[PDB]
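File shown here: structure_17.pdb, holding PDB, C-alpha atoms.
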```pdb
MODEL        1
ATOM      1  CA  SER A   1       9.988   6.679  -6.280  1.00  0.00           C
ATOM      2  CA  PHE A   2      11.321   8.039  -2.983  1.00  0.00           C
ATOM      3  CA  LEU A   3      12.170   4.436  -1.769  1.00  0.00           C
ATOM      4  CA  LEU A   4      14.122   3.600  -4.993  1.00  0.00           C
ATOM      5  CA  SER A   5      16.004   6.877  -4.739  1.00  0.00           C
ATOM      6  CA  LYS A   6      16.831   6.403  -1.042  1.00  0.00           C
ATOM      7  CA  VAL A   7      18.068   2.769  -1.470  1.00  0.00           C
ATOM      8  CA  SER A   8      20.621   4.161  -4.077  1.00  0.00           C
ATOM      9  CA  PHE A   9      21.317   7.114  -1.837  1.00  0.00           C
ATOM     10  CA  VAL A  10      22.106   4.949   1.259  1.00  0.00           C
ATOM     11  CA  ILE A  11      24.417   2.589  -0.820  1.00  0.00           C
ATOM     12  CA  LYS A  12      26.357   5.602  -2.218  1.00  0.00           C
ATOM     13  CA  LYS A  13      26.498   7.266   1.241  1.00  0.00           C
ATOM     14  CA  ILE A  14      27.939   4.260   2.981  1.00  0.00           C
ATOM     15  CA  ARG A  15      30.333   3.563   0.111  1.00  0.00           C
ATOM     16  CA  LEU A  16      31.745   7.193   0.328  1.00  0.00           C
ATOM     17  CA  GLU A  17      31.851   6.988   4.162  1.00  0.00           C
ATOM     18  CA  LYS A  18      34.088   3.946   3.764  1.00  0.00           C
ATOM     19  CA  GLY A  19      36.298   5.808   1.217  1.00  0.00           C
ATOM     20  CA  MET A  20      35.474   3.268  -1.557  1.00  0.00           C
ATOM     21  CA  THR A  21      35.246   3.944  -5.208  1.00  0.00           C
ATOM     22  CA  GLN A  22      32.605   2.275  -7.417  1.00  0.00           C
ATOM     23  CA  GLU A  23      35.411   0.007  -8.765  1.00  0.00           C
ATOM     24  CA  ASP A  24      36.369  -1.029  -5.108  1.00  0.00           C
ATOM     25  CA  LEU A  25      32.726  -1.871  -4.278  1.00  0.00           C
ATOM     26  CA  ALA A  26      32.347  -3.804  -7.550  1.00  0.00           C
ATOM     27  CA  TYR A  27      35.334  -5.987  -6.769  1.00  0.00           C
ATOM     28  CA  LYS A  28      34.271  -6.543  -3.121  1.00  0.00           C
ATOM     29  CA  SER A  29      30.495  -7.234  -3.914  1.00  0.00           C
ATOM     30  CA  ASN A  30      31.192  -9.586  -6.889  1.00  0.00           C
ATOM     31  CA  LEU A  31      29.081  -7.280  -9.103  1.00  0.00           C
ATOM     32  CA  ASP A  32      30.586  -5.470 -12.048  1.00  0.00           C
ATOM     33  CA  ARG A  33      31.309  -1.765 -12.028  1.00  0.00           C
ATOM     34  CA  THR A  34      28.516  -0.810 -14.585  1.00  0.00           C
ATOM     35  CA  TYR A  35      26.030  -2.678 -12.343  1.00  0.00           C
ATOM     36  CA  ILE A  36      27.123  -0.709  -9.238  1.00  0.00           C
ATOM     37  CA  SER A  37      27.007   2.541 -11.290  1.00  0.00           C
ATOM     38  CA  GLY A  38      23.538   1.662 -12.592  1.00  0.00           C
ATOM     39  CA  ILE A  39      22.128   0.763  -9.098  1.00  0.00           C
ATOM     40  CA  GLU A  40      23.411   3.992  -7.591  1.00  0.00           C
ATOM     41  CA  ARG A  41      21.529   5.917 -10.385  1.00  0.00           C
ATOM     42  CA  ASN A  42      18.334   3.804 -10.083  1.00  0.00           C
ATOM     43  CA  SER A  43      17.795   0.797  -7.705  1.00  0.00           C
ATOM     44  CA  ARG A  44      14.542  -0.365  -9.455  1.00  0.00           C
ATOM     45  CA  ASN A  45      16.088  -3.656 -10.645  1.00  0.00           C
ATOM     46  CA  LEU A  46      18.551  -4.259  -7.764  1.00  0.00           C
ATOM     47  CA  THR A  47      17.692  -7.751  -6.339  1.00  0.00           C
ATOM     48  CA  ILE A  48      17.742  -8.744  -2.625  1.00  0.00           C
ATOM     49  CA  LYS A  49      20.733 -11.063  -3.450  1.00  0.00           C
ATOM     50  CA  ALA A  50      22.683  -8.210  -5.119  1.00  0.00           C
ATOM     51  CA  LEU A  51      21.819  -5.960  -2.121  1.00  0.00           C
ATOM     52  CA  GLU A  52      23.222  -8.639   0.275  1.00  0.00           C
ATOM     53  CA  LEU A  53      26.425  -8.812  -1.815  1.00  0.00           C
ATOM     54  CA  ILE A  54      26.710  -4.991  -1.706  1.00  0.00           C
ATOM     55  CA  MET A  55      26.197  -4.935   2.143  1.00  0.00           C
ATOM     56  CA  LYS A  56      28.928  -7.554   2.351  1.00  0.00           C
ATOM     57  CA  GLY A  57      31.305  -5.576   0.015  1.00  0.00           C
ATOM     58  CA  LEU A  58      30.599  -2.436   2.159  1.00  0.00           C
ATOM     59  CA  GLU A  59      31.216  -4.527   5.322  1.00  0.00           C
ATOM     60  CA  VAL A  60      27.990  -3.092   6.727  1.00  0.00           C
ATOM     61  CA  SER A  61      25.482  -5.310   8.495  1.00  0.00           C
ATOM     62  CA  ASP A  62      21.968  -5.689   6.955  1.00  0.00           C
ATOM     63  CA  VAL A  63      20.554  -4.322  10.176  1.00  0.00           C
ATOM     64  CA  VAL A  64      22.559  -1.063   9.923  1.00  0.00           C
ATOM     65  CA  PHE A  65      21.710  -0.636   6.250  1.00  0.00           C
ATOM     66  CA  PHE A  66      18.005  -1.008   6.826  1.00  0.00           C
ATOM     67  CA  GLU A  67      18.155   1.342   9.894  1.00  0.00           C
ATOM     68  CA  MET A  68      19.863   4.033   7.816  1.00  0.00           C
ATOM     69  CA  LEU A  69      17.140   3.497   5.099  1.00  0.00           C
ATOM     70  CA  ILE A  70      14.263   3.851   7.680  1.00  0.00           C
ATOM     71  CA  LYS A  71      15.911   7.060   9.043  1.00  0.00           C
ATOM     72  CA  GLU A  72      16.159   8.590   5.586  1.00  0.00           C
ATOM     73  CA  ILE A  73      12.442   7.640   4.792  1.00  0.00           C
ATOM     74  CA  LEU A  74      11.148   8.971   8.215  1.00  0.00           C
ATOM     75  CA  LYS A  75      13.151  12.250   8.132  1.00  0.00           C
ATOM     76  CA  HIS A  76      12.728  13.040   4.444  1.00  0.00           C
ATOM     77  CA  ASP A  77       9.544  11.536   3.030  1.00  0.00           C
TER      78      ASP A  77
ATOM     79  CA  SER B   1      20.953 -17.133   3.323  1.00  0.00           C
ATOM     80  CA  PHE B   2      19.245 -16.037   6.545  1.00  0.00           C
ATOM     81  CA  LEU B   3      18.415 -12.561   4.994  1.00  0.00           C
ATOM     82  CA  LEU B   4      16.830 -14.128   1.842  1.00  0.00           C
ATOM     83  CA  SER B   5      14.810 -16.496   3.999  1.00  0.00           C
ATOM     84  CA  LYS B   6      13.634 -13.738   6.364  1.00  0.00           C
ATOM     85  CA  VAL B   7      12.585 -11.333   3.529  1.00  0.00           C
ATOM     86  CA  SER B   8      10.255 -14.193   2.243  1.00  0.00           C
ATOM     87  CA  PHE B   9       9.227 -14.966   5.788  1.00  0.00           C
ATOM     88  CA  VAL B  10       8.214 -11.330   6.594  1.00  0.00           C
ATOM     89  CA  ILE B  11       6.214 -11.010   3.258  1.00  0.00           C
ATOM     90  CA  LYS B  12       4.312 -14.269   4.003  1.00  0.00           C
ATOM     91  CA  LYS B  13       3.761 -13.250   7.665  1.00  0.00           C
ATOM     92  CA  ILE B  14       2.268  -9.899   6.841  1.00  0.00           C
ATOM     93  CA  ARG B  15       0.202 -11.354   4.000  1.00  0.00           C
ATOM     94  CA  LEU B  16      -1.361 -13.994   6.409  1.00  0.00           C
ATOM     95  CA  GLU B  17      -1.844 -11.322   9.125  1.00  0.00           C
ATOM     96  CA  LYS B  18      -3.912  -9.380   6.602  1.00  0.00           C
ATOM     97  CA  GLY B  19      -5.925 -12.540   5.705  1.00  0.00           C
ATOM     98  CA  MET B  20      -4.732 -12.424   2.046  1.00  0.00           C
ATOM     99  CA  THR B  21      -4.164 -15.326  -0.212  1.00  0.00           C
ATOM    100  CA  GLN B  22      -1.254 -15.425  -2.693  1.00  0.00           C
ATOM    101  CA  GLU B  23      -3.822 -14.713  -5.473  1.00  0.00           C
ATOM    102  CA  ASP B  24      -5.103 -11.563  -3.522  1.00  0.00           C
ATOM    103  CA  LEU B  25      -1.532 -10.246  -3.091  1.00  0.00           C
ATOM    104  CA  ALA B  26      -0.753 -10.931  -6.767  1.00  0.00           C
ATOM    105  CA  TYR B  27      -3.719  -8.888  -7.920  1.00  0.00           C
ATOM    106  CA  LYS B  28      -3.007  -6.029  -5.457  1.00  0.00           C
ATOM    107  CA  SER B  29       0.853  -5.889  -6.124  1.00  0.00           C
ATOM    108  CA  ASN B  30       0.547  -6.104  -9.962  1.00  0.00           C
ATOM    109  CA  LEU B  31       2.781  -9.215  -9.885  1.00  0.00           C
ATOM    110  CA  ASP B  32       1.512 -12.571 -11.043  1.00  0.00           C
ATOM    111  CA  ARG B  33       0.651 -15.371  -8.662  1.00  0.00           C
ATOM    112  CA  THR B  34       3.648 -17.667  -9.662  1.00  0.00           C
ATOM    113  CA  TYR B  35       5.965 -14.693  -8.968  1.00  0.00           C
ATOM    114  CA  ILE B  36       4.492 -14.172  -5.466  1.00  0.00           C
ATOM    115  CA  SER B  37       4.691 -17.962  -4.846  1.00  0.00           C
ATOM    116  CA  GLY B  38       8.304 -18.026  -6.048  1.00  0.00           C
ATOM    117  CA  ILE B  39       9.390 -14.998  -3.891  1.00  0.00           C
ATOM    118  CA  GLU B  40       7.840 -16.483  -0.770  1.00  0.00           C
ATOM    119  CA  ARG B  41       9.919 -19.698  -1.400  1.00  0.00           C
ATOM    120  CA  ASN B  42      13.146 -17.789  -2.244  1.00  0.00           C
ATOM    121  CA  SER B  43      13.556 -13.943  -2.394  1.00  0.00           C
ATOM    122  CA  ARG B  44      17.010 -14.098  -4.139  1.00  0.00           C
ATOM    123  CA  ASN B  45      15.716 -12.464  -7.348  1.00  0.00           C
ATOM    124  CA  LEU B  46      13.002 -10.208  -5.841  1.00  0.00           C
ATOM    125  CA  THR B  47      13.844  -6.612  -6.990  1.00  0.00           C
ATOM    126  CA  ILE B  48      13.460  -3.423  -4.876  1.00  0.00           C
ATOM    127  CA  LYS B  49      10.657  -2.335  -7.318  1.00  0.00           C
ATOM    128  CA  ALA B  50       8.777  -5.652  -6.881  1.00  0.00           C
ATOM    129  CA  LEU B  51       9.251  -5.339  -3.077  1.00  0.00           C
ATOM    130  CA  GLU B  52       7.717  -1.801  -3.192  1.00  0.00           C
ATOM    131  CA  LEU B  53       4.748  -3.167  -5.188  1.00  0.00           C
ATOM    132  CA  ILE B  54       4.309  -5.979  -2.621  1.00  0.00           C
ATOM    133  CA  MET B  55       4.431  -3.469   0.340  1.00  0.00           C
ATOM    134  CA  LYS B  56       1.794  -1.467  -1.502  1.00  0.00           C
ATOM    135  CA  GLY B  57      -0.410  -4.581  -2.183  1.00  0.00           C
ATOM    136  CA  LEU B  58      -0.041  -5.505   1.554  1.00  0.00           C
ATOM    137  CA  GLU B  59      -0.893  -1.875   2.477  1.00  0.00           C
ATOM    138  CA  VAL B  60       2.119  -1.907   4.794  1.00  0.00           C
ATOM    139  CA  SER B  61       4.519   1.019   4.905  1.00  0.00           C
ATOM    140  CA  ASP B  62       8.181   0.424   3.859  1.00  0.00           C
ATOM    141  CA  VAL B  63       9.212   1.569   7.305  1.00  0.00           C
ATOM    142  CA  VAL B  64       7.121  -1.125   9.059  1.00  0.00           C
ATOM    143  CA  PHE B  65       8.317  -3.831   6.684  1.00  0.00           C
ATOM    144  CA  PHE B  66      11.958  -3.032   7.241  1.00  0.00           C
ATOM    145  CA  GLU B  67      11.412  -2.786  11.063  1.00  0.00           C
ATOM    146  CA  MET B  68       9.820  -6.241  11.110  1.00  0.00           C
ATOM    147  CA  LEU B  69      12.820  -7.523   9.003  1.00  0.00           C
ATOM    148  CA  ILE B  70      15.408  -5.982  11.451  1.00  0.00           C
ATOM    149  CA  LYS B  71      13.512  -7.561  14.415  1.00  0.00           C
ATOM    150  CA  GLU B  72      13.555 -10.996  12.817  1.00  0.00           C
ATOM    151  CA  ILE B  73      17.365 -10.664  11.972  1.00  0.00           C
ATOM    152  CA  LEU B  74      18.258  -9.363  15.532  1.00  0.00           C
ATOM    153  CA  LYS B  75      16.151 -11.959  17.426  1.00  0.00           C
ATOM    154  CA  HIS B  76      16.912 -14.964  15.237  1.00  0.00           C
ATOM    155  CA  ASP B  77      20.276 -14.643  13.511  1.00  0.00           C
TER     156      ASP B  77
ENDMDL
END
```
Now, as a test, write the supplied structure out as structure tokens.
Amino acid sequence: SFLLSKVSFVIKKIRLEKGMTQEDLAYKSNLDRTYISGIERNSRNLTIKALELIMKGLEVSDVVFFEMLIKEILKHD
Amino acid sequence: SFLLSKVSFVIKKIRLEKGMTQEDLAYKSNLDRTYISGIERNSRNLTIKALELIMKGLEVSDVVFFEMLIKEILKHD
């Protein structure tokens, strides 16, 4: 769906804005690299806990993440 | 965490605002009643797909859900 695609999109966008590789985000989020690579392809099975760990490893607040997600939904869906 | 607690909080708040029982939301979200009851206690393992199904079964847009979540984080965390 559009929402699944844009959750993965926003995670990859912030990660690249911070200059982080998938390996850097894996180490910082406590989730292994094939998990990060999988979630960025398809967020269907990403859990709210894993998403909190990723926001922490990105050093982005939950509020900012969700605001960037709402902007992408409003401007593109 | 605060975020896990407020995801469950916002789901239960909207469900009660719509006058729905847990059984009504289960039927409408395609998720069984013990899953709904579990997520409202602790959203740790709720997935983004299950959360999209719940927003659909609540007939709430993703944008509104996330806006209510940001308000609860900003005003209470």
inquiry  = As an exercise, work out the distance from atom CA of residue A:33 to atom CA of residue B:49 in Å and give it to one decimal place.
reply    = 21.2 Å
Reference chain B, mobile chain A, all Cα atoms fitted, written as a compact mmCIF listing (two decimals) with C-alpha atoms, in the frame of the given file:
```
# COMPACT_ATOMS: atom_id res chain seq x y z
CA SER A 1 20.95 -17.13 3.32
CA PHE A 2 19.25 -16.04 6.54
CA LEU A 3 18.42 -12.56 4.99
CA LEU A 4 16.83 -14.13 1.84
CA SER A 5 14.81 -16.50 4.00
CA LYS A 6 13.63 -13.74 6.36
CA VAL A 7 12.58 -11.33 3.53
CA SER A 8 10.26 -14.19 2.24
CA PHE A 9 9.23 -14.97 5.79
CA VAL A 10 8.21 -11.33 6.59
CA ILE A 11 6.21 -11.01 3.26
CA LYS A 12 4.31 -14.27 4.00
CA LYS A 13 3.76 -13.25 7.67
CA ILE A 14 2.27 -9.90 6.84
CA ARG A 15 0.20 -11.35 4.00
CA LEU A 16 -1.36 -13.99 6.41
CA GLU A 17 -1.84 -11.32 9.13
CA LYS A 18 -3.91 -9.38 6.60
CA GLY A 19 -5.92 -12.54 5.70
CA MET A 20 -4.73 -12.42 2.05
CA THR A 21 -4.16 -15.33 -0.21
CA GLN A 22 -1.25 -15.42 -2.69
CA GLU A 23 -3.82 -14.71 -5.47
CA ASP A 24 -5.10 -11.56 -3.52
CA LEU A 25 -1.53 -10.25 -3.09
CA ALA A 26 -0.75 -10.93 -6.77
CA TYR A 27 -3.72 -8.89 -7.92
CA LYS A 28 -3.01 -6.03 -5.46
CA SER A 29 0.85 -5.89 -6.12
CA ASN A 30 0.55 -6.10 -9.96
CA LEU A 31 2.78 -9.22 -9.89
CA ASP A 32 1.51 -12.57 -11.04
CA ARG A 33 0.65 -15.37 -8.66
CA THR A 34 3.65 -17.67 -9.66
CA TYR A 35 5.97 -14.69 -8.97
CA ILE A 36 4.49 -14.17 -5.47
CA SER A 37 4.69 -17.96 -4.85
CA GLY A 38 8.30 -18.03 -6.05
CA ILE A 39 9.39 -15.00 -3.89
CA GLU A 40 7.84 -16.48 -0.77
CA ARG A 41 9.92 -19.70 -1.40
CA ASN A 42 13.15 -17.79 -2.24
CA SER A 43 13.56 -13.94 -2.39
CA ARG A 44 17.01 -14.10 -4.14
CA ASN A 45 15.72 -12.46 -7.35
CA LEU A 46 13.00 -10.21 -5.84
CA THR A 47 13.84 -6.61 -6.99
CA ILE A 48 13.46 -3.42 -4.88
CA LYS A 49 10.66 -2.33 -7.32
CA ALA A 50 8.78 -5.65 -6.88
CA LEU A 51 9.25 -5.34 -3.08
CA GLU A 52 7.72 -1.80 -3.19
CA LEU A 53 4.75 -3.17 -5.19
CA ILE A 54 4.31 -5.98 -2.62
CA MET A 55 4.43 -3.47 0.34
CA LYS A 56 1.79 -1.47 -1.50
CA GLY A 57 -0.41 -4.58 -2.18
CA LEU A 58 -0.04 -5.50 1.55
CA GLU A 59 -0.89 -1.87 2.48
CA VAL A 60 2.12 -1.91 4.79
CA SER A 61 4.52 1.02 4.91
CA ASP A 62 8.18 0.42 3.86
CA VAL A 63 9.21 1.57 7.30
CA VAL A 64 7.12 -1.12 9.06
CA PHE A 65 8.32 -3.83 6.68
CA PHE A 66 11.96 -3.03 7.24
CA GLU A 67 11.41 -2.79 11.06
CA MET A 68 9.82 -6.24 11.11
CA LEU A 69 12.82 -7.52 9.00
CA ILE A 70 15.41 -5.98 11.45
CA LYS A 71 13.51 -7.56 14.41
CA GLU A 72 13.55 -11.00 12.82
CA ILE A 73 17.37 -10.66 11.97
CA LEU A 74 18.26 -9.36 15.53
CA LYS A 75 16.15 -11.96 17.43
CA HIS A 76 16.91 -14.96 15.24
CA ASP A 77 20.28 -14.64 13.51
```
Sort by chain and increasing residue number a table of all residues of chain A within 6 Å of chain B, each with its closest pair of atoms and their distance in Å to one decimal, counting only C-alpha atoms, and write it as JSON lines.
```
{"residue": "A:44", "atom": "CA", "partner": "B:49", "partner_atom": "CA", "distance": 4.9}
{"residue": "A:45", "atom": "CA", "partner": "B:47", "partner_atom": "CA", "distance": 5.2}
{"residue": "A:46", "atom": "CA", "partner": "B:47", "partner_atom": "CA", "distance": 5.3}
{"residue": "A:47", "atom": "CA", "partner": "B:47", "partner_atom": "CA", "distance": 4.1}
{"residue": "A:48", "atom": "CA", "partner": "B:44", "partner_atom": "CA", "distance": 5.6}
{"residue": "A:49", "atom": "CA", "partner": "B:44", "partner_atom": "CA", "distance": 4.9}
{"residue": "A:63", "atom": "CA", "partner": "B:70", "partner_atom": "CA", "distance": 5.6}
{"residue": "A:70", "atom": "CA", "partner": "B:63", "partner_atom": "CA", "distance": 5.6}
```
task = Expand the PyMOL selection byres ((chain B and resi 23) around 12) into the individual residues it matches in the shown file, reporting them as a PyMOL selection string.
result = chain B and resi 15+19-22+24-37+57
Expected axis-aligned box over every listed atom of stretch 24-41 of chain B, 3 Å added per side, centre plus edges in Å to one decimal, as AutoDock Vina command-line options:
```
--center_x 2.4 --center_y -12.8 --center_z -5.9 --size_x 21.0 --size_y 19.8 --size_z 16.3
```
message = Excluding residue A:14 and its own-chain neighbours fewer than 2 positions away, which residues fall within 10 Å of it when counting only C-alpha atoms? Please give them as a ChimeraX atom specification.
response = /A:9-12,16-20,55,58-60,65,68
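Here atom CA of residue A:8 is placed at a distance of 23.8 Å from atom CA of residue B:72.
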request  = Please measure the separation of atom CA of residue B:39 and atom CA of residue A:40, giving the value in Å to one decimal.
outcome  = 23.9 Å
